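Given next are the chains, with one letter for each unit.
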Amino acid sequence: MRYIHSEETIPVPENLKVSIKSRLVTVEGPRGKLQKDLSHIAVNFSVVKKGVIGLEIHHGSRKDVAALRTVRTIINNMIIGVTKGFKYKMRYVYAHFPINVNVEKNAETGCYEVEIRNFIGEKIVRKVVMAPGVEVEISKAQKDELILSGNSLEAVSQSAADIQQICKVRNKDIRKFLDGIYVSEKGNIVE
Amino acid sequence: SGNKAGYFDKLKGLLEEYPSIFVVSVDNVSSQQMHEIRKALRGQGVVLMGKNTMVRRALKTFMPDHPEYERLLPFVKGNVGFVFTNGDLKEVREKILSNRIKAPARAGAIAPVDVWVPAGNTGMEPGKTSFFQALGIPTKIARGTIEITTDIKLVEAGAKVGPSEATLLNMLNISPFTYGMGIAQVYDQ
Amino acid sequence: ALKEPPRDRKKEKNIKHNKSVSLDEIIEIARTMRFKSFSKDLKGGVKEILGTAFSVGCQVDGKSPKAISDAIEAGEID
Amino acid sequence: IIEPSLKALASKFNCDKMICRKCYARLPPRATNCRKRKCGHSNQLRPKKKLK
Amino acid sequence: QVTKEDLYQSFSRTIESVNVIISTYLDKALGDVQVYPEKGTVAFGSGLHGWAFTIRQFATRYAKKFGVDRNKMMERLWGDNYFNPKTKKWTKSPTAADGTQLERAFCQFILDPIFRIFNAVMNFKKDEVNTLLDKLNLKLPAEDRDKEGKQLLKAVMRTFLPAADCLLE
RNA sequence: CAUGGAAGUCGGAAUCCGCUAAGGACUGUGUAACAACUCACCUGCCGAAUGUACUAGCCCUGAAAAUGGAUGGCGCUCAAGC
Ligand SMILES: [Zn+2]
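The PDB entry annotates chain D as Ubiquitin originating from Chaetomium thermophilum var. thermophilum DSM 1495. According to its PDB record, this entry is titled "Thermophilic eukaryotic 80S ribosome at pe/E (TI)-POST state".

The PDB entry annotates chain B as 60S acidic ribosomal protein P0 originating from Chaetomium thermophilum var. thermophilum DSM 1495.

Structural data, given as structure tokens:
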């Protein structure tokens, strides 16, 4: 049983522009530019009205129709991201050994790199390198807070995960040893 | 569904008997609070409440006896009940407002105003100091009772009350919230 | 309180299920001092509760406390 | 010593999880079937032993 | 790596905790004895490095120069208010003329110098520690000269005030 | 009833009513016992069809042996498979 027509729509605010060509989406607004390549999905793009994007699939199956709503939210995130940015927060949690962090901006490579020292009183020094376009900051309103921000949600979230996954405990109870860097709230920059 | 079928007959019979009806905006009124206030108006007046009755009551509008019933259909919006009373407006106007509870914090409620704890002598035993330890309040022991030294701002207004904070507040019989029955706009008043 | 001899001790250690008591209309005196504590809509409506609460003794004769309630014909202001 | 709220956050990522009875995998707190394949997507799950 | 404000809180809370047990088991027959820091019943120090202090040692030292009444200045800490206004006269509560936060007397007078030796010694500013040493006219370290870093700290603290004198006093 | 103490939540036996929009002589967490938390049930917001239990086709897990290896081989995916 194959459905004969599955259609979805996307509204665009009149503050930016979008161009599609050979499944190469380009969104440009008051905060930069983003690109994606959807060549792996068979979808037909079209313009329904003066401010509405449309995308459809014909004679698709169940496994194939599932992918339409996925595409919609990916393109929506690009539109909202360019006009409102994204911003993640992370908190330190320790019992005895304090955690020290250093943030130094690399020059000629652009991107930032973080430095975690004294984790659970450890003698090693562990380094992580952020993705291009994300900016790391140390908070000044609350104590022991990190703030990650940028334009592309996928990079921002993936960079936060790198920090969280690097700090792990080994050969202990993870029910009692609750040390590590964790994420505490996700949202946007504007509003 | 015995009450469900009954609701039409119960509503229609009671509404016609009572000339005027009060619609009351019941927001966050505890069952115990609702039970006690019923006693005050138990002698005179009847209270009935149910899920929104716009469509079912509208059928009564169609039959000629009362066309004014349609007028009040838009007015009812959400979480508002209505009450039947045969008394004059003036005495019952503000009489029902009387009674207000002082609900203790529910560990997650949002304070409208900043909560302030004044310094003083609790009079409680020294053993209860451990609860004060979590909040970090400075304390001193006088006459074998805990004495708060200086006032400390418990929580900033508009933020959820922490579970540790909530338990402390009830013991000291101090709470920001006060709750009472609320009258919504009644018959174009 | 209004029962048969009181088992002070040692005889009451085992079960002591001697619940075969009897009542007729005296219970209503015990009704009065309860001062209509909580929205019982006068004595007539609330009579159903006190009898059913005392379901342990099964009233007397052929009566059962549940049996009284459904056949609601007794005086309400009495 | 850990601040109360902190305990709640750190426990959410480390403590409140389901566990498969066939492959001991670590599953979300509302799953109904294991996501692995060596067990066959079984649906006999149990909570993670809470620490008293 | 405790900050001065945090360190002050711990001492207060622990004293309160000790007070609870003394109060609960105090014999009523004689003596309402309770531990109060303002009464000079608490002293601080490190046994391993043999350095200890009590509030009086700092109070009298500050009393000698820029001190008017040492005994009146005894209850100048542990609550009430601490002063650093443009006007010399002290006031109650930390609110200032412009709203800037005020100092804490315990941290500002007693606790500021102690921090200075630790960071400088760990960062190997031997010239600076010598400069600070002569600012208060501290005595020379006698034999210990060459060994620097984690060895000075015990030596400098012992010379500044040995634990035994505070204990006996 | 039971007993060191068992206030719904060790256990035995009962399984009623009031007020309702609604609330179990109770579904769990919890206390020495209370307290506190939660569930069943009803209500506020939205705008249309869902929910449960079974049957059999292909596929998957169940599926571990010794020189290198055999749908005859290469290879085959809206098949060159059923
Ligand atoms: Zn599994």
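What follows continues from the structure just given.
A. Highlighting the overall build of chain B. When you go through chain B residue by residue, the secondary structure sums to 6 helices and 9 strands. For 189 residues, the compact-globule formula gives about 16 Å, and the C-alpha radius of gyration of chain B, at 24 Å, lies well above that figure. Overall size of chain B, expressed as C-alpha extent along the three principal axes, is 75 × 35 × 30 Å. For chain B, the residues scored as buried account for 28% of the 189 residues in total.

B. Inspection of the coordination of the zinc ion at higher detail. Residue and element names in this part refer to chain D. Note on the zinc ion: its protein donors are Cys 20 (SG), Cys 23 (SG), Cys 34 (SG) and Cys 39 (SG). The metal-donor distances range over 2.3 to 2.4 Å. Around the zinc ion sit 4 donor atoms, and with donor-metal-donor angles ranging over 95 to 130 degrees the site reads as tetrahedral. Sequence spacing of the donors to the zinc ion: C-x2-C-x10-C-x4-C. A residue pair is termed long-range when its members are at least 10 positions apart, and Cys 20 in strand 1 (residues 18–20) and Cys 39 in the loop between strand 2 (26–27) and strand 3 (45–47) qualify at 19 residues. In this structure, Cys 20 and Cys 39 share a single accessibility class: buried.

C. Region of interest: the pairing of strand 7 (residues 86–93) of chain A. Residue and element names in this part refer to chain A. For strand 7, a buried count of 6 out of 8 residues is recorded, marking the element as mostly surrounded by other parts of the structure. By the bridge criterion, 6 bridges tie strand 7 to strand 12 (residues 145–150) in an arrangement that is antiparallel. Following the sheet pairing, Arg 91 is matched in strand 12 by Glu 145. Pairing of strand 7 with strand 13 (residues 180–187) involves 7 bridges; the strand directions are antiparallel. Following the sheet pairing, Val 93 is matched in strand 13 by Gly 180.

D. Broad picture of the interface of chain C and chain B. In this complex, chain C contributes 4 residues to the contact, which on the side of chain B involves 4 residues. With both chains or domains summed, chain C and chain B bury close to 370 Å², and 40% of this area falls on carbon and sulfur atoms. Of all residues in chain C, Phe 38, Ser 39 and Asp 41 of chain C give up the largest surface area on contact with chain B, accounting jointly for 93% of the area buried on that side. Linking chain C with chain B are 1 salt bridge, by the criterion used here. Note that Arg 42 of chain B and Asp 41 of chain C form a salt bridge whose closest N and O atoms lie 2.4 Å from each other. Taken together, chain C and chain B are joined by 1 residue pair in polar contact.

Quick notes on the rules
Residues numbered from 1 in each chain as written, not as in the entry; some residues may be left out. Chains lettered and ligands numbered in written order. Part of a larger assembly, values for the part shown. Heavy atoms only, no water. Helix = DSSP H or I, 4+ residues; strand = E, 2+ residues; numbered from the N terminus. Rg over C-alpha atoms; globule rule 2.2 N^0.38 Å. Buried < 20%, exposed > 50% of the residue type's maximum accessible area, 1.4 Å probe, protein only. Donors = N, O, S within 2.8 Å, 3.2 Å for Na, K, Ca; no water. Tetrahedral: all angles 85-135°; square planar, octahedral: opposite > 155°, others 65-115°. Pairing = 2+ DSSP bridges. Contact = heavy atoms within 4.5 Å. Buried area = accessible area lost by both parts, 1.4 Å probe. Salt bridge = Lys/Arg side-chain N within 4 Å of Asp/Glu carboxyl O. Polar contact = N/O pair within 3.5 Å; in protein donor to acceptor, adjacent residues only side chain to side chain.

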